[PDB]
Amino acid sequence: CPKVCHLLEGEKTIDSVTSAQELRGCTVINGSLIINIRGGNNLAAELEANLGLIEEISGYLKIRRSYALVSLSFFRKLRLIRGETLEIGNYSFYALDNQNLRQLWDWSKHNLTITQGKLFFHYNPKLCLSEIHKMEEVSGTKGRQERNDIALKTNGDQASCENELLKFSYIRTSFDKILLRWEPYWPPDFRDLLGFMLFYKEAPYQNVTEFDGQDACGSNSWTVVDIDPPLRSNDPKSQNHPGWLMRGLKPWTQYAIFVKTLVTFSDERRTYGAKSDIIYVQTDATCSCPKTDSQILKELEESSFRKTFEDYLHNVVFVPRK
Amino acid sequence: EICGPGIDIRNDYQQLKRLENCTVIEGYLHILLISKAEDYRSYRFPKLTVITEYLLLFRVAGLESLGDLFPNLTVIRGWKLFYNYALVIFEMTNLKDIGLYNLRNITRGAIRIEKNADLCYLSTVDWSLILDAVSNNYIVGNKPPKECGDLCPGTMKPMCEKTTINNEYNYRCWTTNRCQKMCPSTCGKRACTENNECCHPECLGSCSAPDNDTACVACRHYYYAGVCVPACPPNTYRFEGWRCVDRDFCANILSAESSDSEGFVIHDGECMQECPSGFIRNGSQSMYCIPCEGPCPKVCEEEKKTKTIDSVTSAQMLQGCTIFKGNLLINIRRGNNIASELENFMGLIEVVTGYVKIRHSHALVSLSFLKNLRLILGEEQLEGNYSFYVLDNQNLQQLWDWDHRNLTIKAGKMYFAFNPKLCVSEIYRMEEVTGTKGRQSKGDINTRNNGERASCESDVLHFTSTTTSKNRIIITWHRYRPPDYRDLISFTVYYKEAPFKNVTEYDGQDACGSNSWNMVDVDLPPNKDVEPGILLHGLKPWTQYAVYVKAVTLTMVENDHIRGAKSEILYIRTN
Amino acid sequence: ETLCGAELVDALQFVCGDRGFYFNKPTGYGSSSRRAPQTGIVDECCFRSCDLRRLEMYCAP
Ligand SMILES: *[C@@H]1O[C@H](CO)[C@@H](O[C@@H]2O[C@H](CO)[C@@H](O[C@@H]3O[C@H](CO)[C@@H](O)[C@H](O)[C@@H]3O)[C@H](O)[C@H]2NC(C)=O)[C@H](O)[C@H]1NC(C)=O
Ligand SMILES: *[C@@H]1O[C@H](CO)[C@@H](O[C@@H]2O[C@H](CO)[C@@H](O[C@@H]3O[C@H](CO)[C@@H](O)[C@H](O)[C@@H]3O)[C@H](O)[C@H]2NC(C)=O)[C@H](O)[C@H]1NC(C)=O
Ligand SMILES: *[C@@H]1O[C@H](CO)[C@@H](O[C@@H]2O[C@H](CO)[C@@H](O)[C@H](O)[C@H]2NC(C)=O)[C@H](O)[C@H]1NC(C)=O
Ligand SMILES: *[C@@H]1O[C@H](CO)[C@@H](O)[C@H](O)[C@H]1NC(C)=O
Ligand SMILES: *[C@@H]1O[C@H](CO)[C@@H](O)[C@H](O)[C@H]1NC(C)=O
Ligand SMILES: *[C@@H]1O[C@H](CO)[C@@H](O)[C@H](O)[C@H]1NC(C)=O
Ligand SMILES: *[C@@H]1O[C@H](CO)[C@@H](O)[C@H](O)[C@H]1NC(C)=O
Ligand SMILES: *[C@@H]1O[C@H](CO)[C@@H](O)[C@H](O)[C@H]1NC(C)=O
Ligand SMILES: *[C@@H]1O[C@H](CO)[C@@H](O)[C@H](O)[C@H]1NC(C)=O
Ligand SMILES: *[C@@H]1O[C@H](CO)[C@@H](O)[C@H](O)[C@H]1NC(C)=O
């Protein structure tokens, strides 16, 4: 329903869920919003229950140093921005120093609109640029995007942005496990593939997507599984489709799952791996075990150490004759 | 006899017959690319006792244990490594043992072993006794040890000697027939024979009689007529850094392999391929090269436009390279004492034209080893006119001693990123030293990554007062005194329970997990009389919380000159 | 197809066989010639799809 929110000074900074309750129910905003939420628990669900009713903004949006916040999905009903109140330089959307920012709302379901203010993306080292351009497109005003609005650096430059798609060539659902066999993705330097990182989690509603929830650390939402590299052989066609068997899944239950390549960064992370789509599959009706994600980093510098040796060996051993 | 200048066994066993007589290898030794097993034992050479440059084995087949081939090899003086190692055994298909029971010393370089099929008996070695600087080794890509058992004489009464390393005390043994018999403690560093008869001081590896100078198998410094003297006498000249040889011999050798000039040339009591920078063989003589009359910089060309430096041999290629006229890239992943060798190889670099990139140079905590680097011409830059690029480098606590170091870029703007143990203070100091501050942007030199975990100079904010409660604290700290109060001065109070005073500052990495610096932002109150305060509620009637504050200028424009104000970490226990 | 690591050497072996590989003989003491008249070979087989032609250039009859 139409429930405007008349505020003092037209700019309410919200750095705490206690400030979220102040606008619980404030669908239409009389002013702008500023966010500096760096740490806290129950951010996703509380922000959904409080600010989920947000139908539109009259002013602008500023998001500075919002670390613990991973995604913006908590602004579900947000569709339009009047851009009446705007940050210096006509900025409806302003973002800065958002480390754990992984993804924006959606660019296939959620439609957006912008009236007057421009965009801004800097120091978002975990947010890729594809989503940025998708916003530029859907939100409209794509001509308002000027230079320096989105520096390609510090914008998802750290978090690997998968460029290619992967395919499940063969699948089998059981009541307690699930067998998977996907395309043998192999970059030019086959040895650059340290393995695969399957992600999976129960999901009865298909409305789930990536980065729906994450604290300062992301050891809470998804269920990860490492898979050693495949077995390469001569006649590249001869290598069997790499696969894996996921274990321990409730009978007659929908799980959302997707692959994620574990690859190595080149001089400029040129080896952008691949990933498949969020696949929903219903099961059949019938001492700190989790590993440290930090280990991944340790597996990188060592791998690049071996390949830097072989490439050197062959660089001086063999000789081409006249 | 003495072979040389190098041997490369390739595709045939009969080539092994070049090892019958000569016992010294005055150069590298490669053995590789053979496919046969029948004649695995039809060859073996009791004469080999010493190697000088290094040893390399690759894709060799038929061989089961190296020891059966070199029953007398003792020393490897590592005059020249392969990548960073003096001994490499890669992708061997049948090597069941490393042998070399008599191997008693290695001078330079580390070892690298991996991808071997059925090789164990690598941990049983006391590398510390046979190899100094064992940390630079790489011995992980080999067969698991639990599978073979790695036993040795002592299966029935321990026969093999015993030592302790890395908190593990056990036997030291290569083979099931022989052991790694170390020297006694009476002489320690000195050499020794079997039955613990310590050899001459300047001996190395082993010998045939205690205190004997000529019955020695190897020499610590230099050979001469077999007499293991620790110093090359006059009228002679050092060669391959391991043998003091005659003068005329330095002329009979050939150098057309690399440069077909008038053989080698003598300088500093050594027969150098060509004496170092600043010297010429006036009159084209193999015995004298006076100092050049001009600058005489030894230019250093580029096979590939950029000479990626990620090894020690890559630096050896640049030993005398004083003016590297090619683009440069550092990619060192590991290495501990390499920094010292680079002061002998790269320490003479005075100019590096082209871009200079540093990507994942974790092994370098300070670039001071380029003691002579003063001008990066940067005539040829990367994308963005970057004449000095630094990306995803680890700690690098420092670059130089700007108090005395003179560095100046001629063209191109620098770039720095992801240097947690380097706070931008030093980066801005470098800029001031170079006057390039008017050339950089605000996104290139980011303060959000450079210095994440770097705790360095900062202004203080003295806690004006605190009043604790059973579960809360009302704490007021002093207002910041910047040069411009117009700046968006905004404090952030950091806090967390401190049961023990061994607490440190926040470093970004402690976002999630226990003992995380909890942060709360607050703007300076408009009233210029009231000072910033906060009431905190996550407290205990008896807990000792460590808390402080951090203030930043936050100039109008993004990072004009950010000078941070850091307050002491105060421990507070409520009543 | 591009070749790297152990597969490059496996193909080079399949090519040479009993013919053997060709190296640069060290004719004199000191350093050797320019380690290669061009960049490394992987710059032709890893980064580019090197055909049998390039593979035969390093072999020995
Ligand atoms: C194997 O034998 C070598 C014989 O030298 C042992 O020594 C390491 O050799 C280097 C250079 O030959 C020594 O460095 C020299 O030391 C002086 C004085 O300390 C210093 O100014 C230079 O660094 C110079 O290069 C080094 O001292 C020497 N190591 C020791 C412990 O003395 C090597 O230790 C032997 N290997 C084993 C495992 O014992
Ligand atoms: C290590 O022990 C041996 C013991 O055999 C010492 O041998 C002595 O070595 C010198 C020359 O190296 C020999 O001089 C020689 O003189 C004889 C005539 O006496 C001559 O026929 C030989 O051709 C040679 O010119 C000396 O005979 C020899 N003595 C013995 C008993 O073998 C050796 O000196 C010791 N190494 C040292 C001290 O560094
Ligand atoms: C190793 O040394 C032995 C002798 O010291 C060499 O055998 C000599 O080679 C010549 C070749 O012209 C033969 O005529 C002689 O008969 C050989 N000696 C004997 C005792 O038969 C042998 O060739 C040397 N090996 C190498 C690789 O040089
Ligand atoms: C908010 O309401 C006031 C009326 O009290 C109006 O003057 C102002 O323009 C409104 N601002 C926005 C952003 O709607
Ligand atoms: C938008 O740009 C115009 C043109 O200079 C300026 O007058 C106006 O103040 C700007 N608005 C904001 C919010 O920066
Ligand atoms: C999915 O729908 C449920 C039910 O309305 C809602 O609670 C949840 O937040 C939605 N999540 C997503 C990612 O759409
Ligand atoms: C600096 O960059 C500009 C544009 O990126 C380009 O002209 C060139 O790379 C540099 N300018 C010079 C060399 O004058
Ligand atoms: C060189 O360094 C010294 C000491 O830091 C300094 O006094 C001098 O001005 C510097 N000169 C140049 C040209 O950088
Ligand atoms: C202080 O040292 C003790 C061990 O004596 C350790 O248990 C504790 O975690 C340390 N505290 C900090 C803050 O490092
Ligand atoms: C505060 O704590 C100190 C610590 O002993 C105590 O002496 C004092 O009486 C306390 N005062 C109040 C008001 O709690």
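Each value in this text was obtained by applying a stated rule to the coordinates, not by laboratory testing. Note that each Cβ is placed from the backbone with ideal geometry, even for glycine, and that neighbours are counted across all protein chains shown.
Within the stretch B:493-515, being within 13 Å of chain A (Cβ to nearest Cβ) and small (G, A, S) holds for B:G508, B:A511, B:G513, B:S514.
Screening B:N235, B:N167 for residues that are away from chain A (no Cβ under 14 Å), over 20 Å from B:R104 (Cα atoms), away from ligand 6 (no atom under 16 Å from the Cβ) and under 34 Å from the mean Cα position of the chain (by Cα) leaves exactly one candidate, B:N167. Annotation for the stretch A:284-291: no member residue is basic (K, R) and under 30 Å from B:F90 (Cα atoms). Just wondering, is there one or more residues in the stretch A:35-48 that are part of a strand (DSSP E or B) and more than 14 Å from chain B (Cβ to nearest Cβ)? No, every residue in the stretch A:35-48 fails to be part of a strand (DSSP E or B) and more than 14 Å from chain B (Cβ to nearest Cβ). Count of the stretch B:1-53 residues, restricted to those that are of a type in the set (V, I, T) and over 32 Å from the mean Cα position of the chain (by Cα), is 3. Scanning the stretch B:365-381 for residues that are surrounded by fewer than 20 Cβ atoms within 10 Å (Cβ to Cβ) and within 16 Å of ligand 7 (Cβ to nearest atom) turns up B:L377, B:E379, B:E380, B:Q381. Summed over the stretch A:78-113, the residues that are touching a helix residue (DSSP H, G or I) at 6+ places or on another chain (Cβ under 7 Å) and within 21 Å of A:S32 (Cβ to Cβ) give a count of 2. Only one of the listed residues (B:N518, B:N559) is within 12 Å of chain A (Cβ to nearest Cβ), more than 16 Å from ligand 7 (Cβ to nearest atom) and under 18 Å from B:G451 (Cα atoms). That residue is B:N559.
Here B:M414 passes the criteria (1) more than 22 Å from B:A315 (Cα to Cα); (2) in contact with a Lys or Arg (Cβ under 8 Å, 6 or more places away or on another chain) except the one numbered (2).
Here is the figure for the stretch A:168-221: residues that are over 16 Å from the mean Cα position of the chain (by Cα) and of a type in the set (A, V, I, L, M) total 7.
This table checks each residue for (1) within 14 Å of chain C (Cβ to nearest Cβ); (2) in a strand (DSSP E or B); (3) farther than 22 Å from B:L131 by Cβ.
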{"site": "B:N21", "(1), (2), (3)": "no, no, yes"}
{"site": "B:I34", "(1), (2), (3)": "yes, no, yes"}
{"site": "B:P46", "(1), (2), (3)": "no, no, yes"}
{"site": "B:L56", "(1), (2), (3)": "yes, yes, no"}
{"site": "B:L63", "(1), (2), (3)": "no, no, yes"}
{"site": "B:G78", "(1), (2), (3)": "no, no, no"}
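What are the residues in the stretch B:525-575 that are assigned to a loop (DSSP other than H, G, I, E, B) and under 19 Å from B:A498 (Cα atoms), if any? Those that are assigned to a loop (DSSP other than H, G, I, E, B) and under 19 Å from B:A498 (Cα atoms): B:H537, B:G538, B:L539, B:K540, B:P541, B:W542, B:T543, B:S567, B:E568, B:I569, B:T574, B:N575.
For the stretch B:177-216, the set of residues classified as of a type in the set (G, A, S), under 33 Å from the mean Cα position of the chain (by Cα) and part of a loop (DSSP other than H, G, I, E, B) consists of B:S185, B:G188, B:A191, listed by residue number.
Considered as a group, the residues in the stretch B:373-409 that are in a loop (DSSP other than H, G, I, E, B) and among the aliphatic types (A, V, I, L, M) include one that is nearest to B:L318 (Cα to Cα), and that residue is B:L373.
Listed by first and then second residue, the pairs with beta-carbon distance under 7 Å, at least 6 apart or on different chains, first residue in the stretch B:124-137 and farther than 16 Å from B:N167 by Cα and within 14 Å of chain A (Cβ to nearest Cβ), second away from ligand 6 (no atom under 16 Å from the Cβ) and of a type in the set (V, I, T), are B:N137/B:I111. Examine the stretch B:445-462 for a residue that is more than 30 Å from A:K153 (Cα to Cα), away from ligand 3 (no atom under 16 Å from the Cβ), under 33 Å from the mean Cα position of the chain (by Cα) and surrounded by fewer than 16 Cβ atoms within 10 Å (Cβ to Cβ), and state whether such a residue exists. No - not one qualifying residue is present in the stretch B:445-462. Those strands (runs of 3 or more DSSP E) of the stretch A:207-322 in which at least 3 residues are within 29 Å of B:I332 (Cα to Cα), considering only elements entirely within it, cover A:261-263. Taking strands (runs of 3 or more DSSP E) that do not extend beyond the stretch B:269-372, which have at least 2 residues that are polar (S, T, N, Q)? Those strands (runs of 3 or more DSSP E) span B:306-309.
Within the stretch A:276-308, restricting attention to residues that are acidic (D, E) and over 30 Å from A:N207 (Cβ atoms), the residue that is nearest to the chain's Cα centre (by Cα) is A:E299. Please give the number of the condition C:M57 fails out of (1) surrounded by 19 or more Cβ atoms within 10 Å (Cβ to Cβ); (2) under 18 Å from A:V316 (Cα atoms); (3) away from chain B (no Cβ under 12 Å). Just one mismatch for C:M57, condition (1). With respect to the conditions (1) over 29 Å from B:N419 (Cα atoms); (2) within 14 Å of chain A (Cβ to nearest Cβ); (3) assigned to a loop (DSSP other than H, G, I, E, B), B:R448 falls short on a single one, namely (1). Only a single criterion out of (1) more than 12 Å from chain B (Cβ to nearest Cβ); (2) of a type outside the set (F, W, Y); (3) in contact with a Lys or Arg (Cβ under 9 Å, 6 or more places away or on another chain); (4) farther than 12 Å from A:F318 by Cβ is not satisfied by C:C45, namely (4). One residue alone among B:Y54, B:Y28 is more than 16 Å from ligand 6 (Cβ to nearest atom), within 26 Å of B:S123 (Cβ to Cβ) and among the hydroxyl-bearing types (S, T, Y), and that residue is B:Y54. Within the stretch A:70-97, if we keep just the residues that are away from chain B (no Cβ under 14 Å), closer than 10 Å to A:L119 by Cα and not hydrophobic (A, V, I, L, M, F, W, C), the residue that is nearest to ligand 9 (Cβ to nearest atom) turns out to be A:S92.
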